[PDB]
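In the form deposited in one PDB entry, a lone chain appears below as structure tokens.
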């Protein structure tokens, strides 16, 4: 109807005005803010572990893994380079978010996770039924003006699309993927013959009635991992249990479809899950029946949760509401002034409102304390850090 189009136009005008106000108030909220508009939107973003610190310069160089989402052109696996101002300074140093490599990819990349033991091997989720394990060291920097070249490893055990992808941190190899055919497969890789083409799935896990939307390995135990599906259930799988159908735990954990999942880097029990119910929940593995605090400040679906790599009680979530929030677990449940209560719950620490479309992915930098890079659907990438005043 014409009413829907008119409301959409009015909302677009309001969005533009709100963005102008936010940009006007930018220097009073952050310590660094850099925005770069990509040629094509990227559905993935993950910092690489390596950092290069030149001598005599007041900046450092960090790396990134990005994808491409083109309507009809060739799709690539772009690895970018970002220069952060360290502590001193910059105003004009020419290129600051310049790319480094492009590798031809067949279809848009939904995930671009890197292998933790050897960051050279990169695994990606293709729109087809095959998961490709790339090696950007071997491939040339400049893409070949032809079709998709050899990926050097083509792992195929699925039957449809997918969005979940995990690598074992404790053991070399052992990739896990959660797809839309209601199954999750385990690939041993590593111990495979050279010049290999197709690698069969070692184990097939089928205990979810609906599409599995995420999967993650346990950060401390090398034989246990948990998966979440959109049928409102959070299962805790155990490897080498001689049972590929019944998981150890089957907590429902939410009302609507659950999207994401993340384990606490320090605690061996604490984890958080997100869902379309506009709610993030914390748990402890010792007592799975009782649910800990539940954060409720979003207005739409939550698509990602990421624990801080350097802080015990910091966690961030993002979603279709075009906003990203920072939560502090040590601040939950304490008295607040009426003005603070009007502003928001005490746990909420920050609301980032610099994006105009839905947040697609984000990550924290391992090598820098409190910097986050987020990519939205309007071909915009942002690297930002909140003010030191907020967290003292």
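Residue numbers count along the first chain shown, from 1. Residues that one form lacks are left out of the comparison. Take the two forms, superpose them, and find the largest set of C-alpha atoms that agree within 1.5 Å; that set is the rigid core.
Only in words, not in the display: the form deposited in another entry, which the text now covers.
S.K.: Select from 341, 357, 32, 51 the only position whose Cα moves 2 Å or more between this form and the one not shown when the core is aligned.
M.R.: None of the others reach 2 Å, which leaves 341.
S.K.: Relative to what we see here, could you say if residue 104 and residue 95 have their Cα atoms closer or farther apart in the other entry, with a change of 3 Å or more?
M.R.: So the answer is farther.
S.K.: Where does the protein shift between this form and the one not shown, taking runs of 3+ residues with every CA moved 2 Å or more once the core is matched?
M.R.: Runs with every C-alpha shifted by at least 2 Å: 90-95, 147-149, 339-344.
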